[PDB]
Amino acid sequence: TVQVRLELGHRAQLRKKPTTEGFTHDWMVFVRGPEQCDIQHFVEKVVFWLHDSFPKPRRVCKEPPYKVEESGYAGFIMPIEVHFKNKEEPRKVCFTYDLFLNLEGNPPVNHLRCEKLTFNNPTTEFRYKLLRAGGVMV
Amino acid sequence: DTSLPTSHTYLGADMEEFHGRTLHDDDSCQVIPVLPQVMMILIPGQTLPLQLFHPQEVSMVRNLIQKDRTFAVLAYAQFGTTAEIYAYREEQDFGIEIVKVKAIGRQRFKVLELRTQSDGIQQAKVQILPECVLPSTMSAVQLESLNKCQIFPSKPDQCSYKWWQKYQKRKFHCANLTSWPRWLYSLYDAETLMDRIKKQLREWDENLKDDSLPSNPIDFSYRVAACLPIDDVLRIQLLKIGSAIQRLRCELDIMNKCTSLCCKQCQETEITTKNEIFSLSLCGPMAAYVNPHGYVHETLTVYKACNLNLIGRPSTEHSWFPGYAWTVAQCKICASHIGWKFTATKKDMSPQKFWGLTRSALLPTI
Ligand SMILES: O=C1C[C@]2(CCN(S(=O)(=O)NC3CCN(CCNC(=O)c4cccc(-c5cn6cc(C(=O)NC7CCC7)ccc6n5)c4)CC3)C2)C(=O)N1
Ligand SMILES: [Zn+2]
Numbered sequence: 006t007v008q009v010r011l012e013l014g015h016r017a018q019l020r021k022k023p024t025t026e027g028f029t030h031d032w033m034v035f036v037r038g039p040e041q042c043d044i045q046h047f048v049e050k051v052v053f054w055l056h057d058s059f060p061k062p063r064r065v066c067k068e069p070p071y072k073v074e075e076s077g078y079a080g081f082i083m084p085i086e087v088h089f090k091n092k093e094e095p096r097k098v099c100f101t102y103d104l105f106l107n108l109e110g111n112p113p114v115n116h117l118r119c120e121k122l123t124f125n126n127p128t129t130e131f132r133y134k135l136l137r138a139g140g141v142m143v
Numbered sequence: 050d051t052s053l054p055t056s057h058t059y060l061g062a063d064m065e066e067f068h069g070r071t072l073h074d075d076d077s078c079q080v081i082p083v084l085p086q087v088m089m090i091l092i093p094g095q096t097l098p099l100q101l102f103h104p105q106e107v108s109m110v111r112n113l114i115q116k117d118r119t120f121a122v123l124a125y133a134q135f136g137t138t139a140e141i142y143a144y145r146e147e148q149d150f151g152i153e154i155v156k157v158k159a160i161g162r163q164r165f166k167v168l169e170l171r172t173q174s175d176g177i178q179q180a181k182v183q184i185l186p187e188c189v190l191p192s193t194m195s196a197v198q199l200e201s202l203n204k205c206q207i208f209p210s211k212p217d218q219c220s221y222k223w224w225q226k227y228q229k230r231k232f233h234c235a236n237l238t239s240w241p242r243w244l245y246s247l248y249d250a251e252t253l254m255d256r257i258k259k260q261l262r263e264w265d266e267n268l269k270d271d272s273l274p275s276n277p278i279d280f281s282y283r284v285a286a287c288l289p290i291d292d293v294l295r296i297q298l299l300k301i302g303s304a305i306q307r308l309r310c311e312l313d314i315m316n317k318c319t320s321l322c323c324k325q326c327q328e329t330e331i332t333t334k335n336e337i338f339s340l341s342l343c344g345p346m347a348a349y350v351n352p353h354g355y356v357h358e359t360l361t362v363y364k365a366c367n368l369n370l371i372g373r374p375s376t377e378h379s380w381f382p383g384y385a386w387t388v389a390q391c392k393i394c395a396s397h398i399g400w401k402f403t404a405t406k407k408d409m410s411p412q413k414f415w416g417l418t419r420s421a422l423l424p425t426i
């Protein structure tokens, strides 16, 4: 069995100069995984789902860093898909990141959520790539 | 003006500066921290600006400024480049202790081991690679009686066929003592290769000053490699080469061969051609800049771009080039973020427009 950590996060800051479109905050969501691990060893790509109000609702990042820098006026629930090079399920993992912006004139919002994921039946090359990334076999 | 872009004023106005130099002797084993968010292949002499926001990277950079002001950037690894911090500033941004720094690539190295740490400061066991300096190719084939005729009166027809023919005839007169002609030895001479590379650069930039380029073959070669629109594999090959002459010859070969840059996503759409490249910065046509969120892009400046489309209205909120407003630009075929178009805020400014394309989205083609 293989047990690997992941870390999702986002930041949001009030725009000092509101734009003509009416946007008041700048927000960035990023998937980086745990501390000091090249996720690319086992993640083929990452998919970011944005509110349809944004143009190009579906963003794709095929190499790290995996991110979506954007501007807006309101938050939402943002789906994220992390697809691995796994040869069998789990081949993809879905998260529902609560993307929220800082209102109430508080200091800018910064959020980090840590999660744990499981893979089964790892092969020798699978274990090799996980150890390249630092994954731990349990 | 061409000095403004290198100032990186968009980051901030005042930042503590450290003018000291930290060097590591050759073939010496070191233990160096590794920055996790830098995948760039830092070349010696290239400026790396960063805006660290991670809770632990702030602590690591604080320890670095406390001691030795140096970290590592792996050639994402078996090779990497050390970066020496030279500008520093703290701020409270995004609700976090954010640290804005500027460093310079200093030394190449080979990776021996990568060991993690409890705090997360990945320590690399580092071997400092050397700079192989060779004497003149005529050093072994020389006549003492002619040692006087090795320093030439001046370097003023002039700066053309005359001076260079005389240079070849005088400094490589002993080729006849060997089985090889003088013009062969001319191909392994630092001065001639540097002059040819300078001719190519001047072809790129008609407003190029000789004083702007280093007179040292090593520094000149590193600057040339830093300013070429090339891929990652060639960057690694250039870093691996330890002899200045070999690097200069490789750079000349690349410059001769390279013709155009295509969309790294489409792979068949051309965006720009090497003849349209131009330098708006003393650093060179290509330089590294950070976006508002702290991530780094290598931008190359051109007069014109092909198959490009713009989004938004030019703004000067965080422009990398003062006096210019940026509009996000992308390849119209696929909309991938290729770069931006910079337009003049004033009307009496030269040029009135140009483009800056991120190297991370450009694929050179031959
Ligand atoms: O020259 C240089 C350059 C830089 C300075 C800048 N950089 S950068 O470009 O790299 N970084 C970033 C890259 C991203 N850029 C913006 C991207 N988006 C756009 O353009 C764009 C265009 C058209 C429409 C929209 C849009 C956003 N919407 C939000 C909402 C919303 O909130 N809905 C809520 C209701 C519940 C959810 C609704 C509709 C909507 N429509 C967005 C900003 C800059 C480097 C430098 O430092 N020097
Ligand atoms: Zn494209």
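The listed protein sequences derive, respectively, from chains X and L. Numbered according to the UniProt record's numbering, the first sequence spans residues 6 to 143. Numbered according to the UniProt record's numbering, the second sequence spans residues 50 to 125, 133 to 212, 217 to 426. The beta carbon of each residue, even a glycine, is placed where N, CA and C say it ideally should be.
Between the Cα of residue i and those of the options, spot the shortest distance and give me the residue it belongs to.
i: X:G110; options: X:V9, X:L13, X:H30 and X:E12; result: X:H30
i: L:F208; options: L:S201, L:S192, L:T96 and L:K226; result: L:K226
i: L:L202; options: L:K181, L:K231 and L:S220; result: L:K231
i: X:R137; options: L:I301, L:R171, L:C323 and L:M194; result: L:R171
i: L:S220; options: L:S246, L:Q198, L:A196 and L:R256; result: L:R256
i: residue 173 of chain X; options: X:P23, X:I82, X:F81 and X:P95; result: The first residue shown for chain X is 6 and the last is 143, placing residue 173 of chain X beyond what the model contains.
i: X:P84; options: X:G27, X:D57 and X:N91; result: X:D57
i: L:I393; options: L:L370, L:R262 and L:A385; result: L:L370
i: X:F105; options: X:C66, X:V9 and X:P113; result: X:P113
i: L:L423; options: L:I305, L:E106 and L:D291; result: L:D291
i: L:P93; options: L:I184, L:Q105, L:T51 and L:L84; result: L:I184
i: L:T319; options: L:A250, L:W264, L:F150 and L:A385; result: L:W264
i: L:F150; options: X:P60, X:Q18, X:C119 and X:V98; result: X:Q18
i: L:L168; options: L:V122, L:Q79, L:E140 and L:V388; result: L:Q79
i: L:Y349; options: L:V293, L:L321, L:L99 and L:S52; result: L:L99
i: L:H103; options: L:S77, L:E146, L:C326 and L:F165; result: L:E146
Would you tell me roughly how many angstroms separate the C-alpha atoms of residue i and residue j, rounded to the nearest one?
i: L:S174; j: L:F120; result: 18 Å
i: L:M64; j: X:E130; result: 47 Å
i: X:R20; j: L:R111; result: 28 Å
i: L:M89; j: L:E66; result: 23 Å
i: L:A133; j: X:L135; result: 16 Å
i: L:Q163; j: L:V182; result: 11 Å
i: L:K259; j: X:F81; result: 56 Å
i: L:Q228; j: L:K211; result: 14 Å
i: X:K121; j: L:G354; result: 27 Å
i: X:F47; j: L:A421; result: 23 Å
i: L:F280; j: X:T25; result: 46 Å
i: L:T58; j: L:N267; result: 24 Å
i: L:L368; j: L:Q412; result: 18 Å
i: L:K156; j: L:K116; result: 17 Å
i: L:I154; j: L:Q148; result: 6 Å
i: L:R118; j: X:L13; result: 30 Å
i: L:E106; j: L:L84; result: 8 Å
i: L:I314; j: L:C391; result: 25 Å
i: L:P289; j: L:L312; result: 13 Å
i: L:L261; j: X:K22; result: 41 Å
i: L:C323; j: L:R419; result: 10 Å
Can you list, in chain order, the residues of its chain whose CB lies under 6 Å from that of residue i, leaving out five sequence neighbours each side?
i: L:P82; result: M109, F120 and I177
i: X:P127; result: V7
i: L:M254; result: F280
i: L:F381; result: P54 and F402
i: X:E74; result: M33
Among the residues of its own chain, which have a CB less than 8 Å from the CB of residue i, if the five just before and after it don't count?
i: L:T55; result: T96, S341, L342, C343 and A347
i: L:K317; result: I426
i: residue 131 of chain L; result: Within chain L, the sequence of modelled residues goes 125 then 133, so residue 131 of chain L has no position in this structure.
i: L:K364; result: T332, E336 and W415
i: X:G139; result: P39, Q41 and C42
i: L:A250; result: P277, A304, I305 and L308
Leaving out five residues on either side along the sequence, give the residues of the same chain with a beta carbon under 7 Å from the beta carbon of residue i.
i: L:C366; result: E330, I331 and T332
i: L:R307; result: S281, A285, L298 and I301
i: L:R283; result: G94, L273, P274 and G344
i: L:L199; result: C234
i: L:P352; result: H378
Is any heavy atom of ligand 4 found at a distance shorter than 7 Å from the C-beta of residue i?
i: X:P127; result: Within the structure as shown, ligand 4 is missing, the only ligands being ligand 1 and ligand 2.
I'd like to know if the stretch 395-411 of chain L and the stretch 358-377 of chain L are in contact, where contact means that at least 3 CB-CB pairs between them fall below 8 Å.
yes
Using a Cβ distance threshold of 8 Å, determine whether the stretch 33-41 of chain X contacts the stretch 62-71 of chain X, with at least three qualifying pairs required.
yes
Below 8 Å, can you find three or more Cβ-Cβ pairs linking the stretch 324-340 of chain L to the stretch 300-311 of chain L?
no
Does the stretch 402-416 of chain L come close enough to the stretch 367-381 of chain L that 3 or more CB-CB pairs lie under 8 Å?
yes
Who's in the neighbourhood of ligand 2, going by beta-carbon under 6 Å from any heavy atom, listed in chain order?
L:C323, L:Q325, L:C326, L:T329, L:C391, L:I393, L:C394 and L:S396
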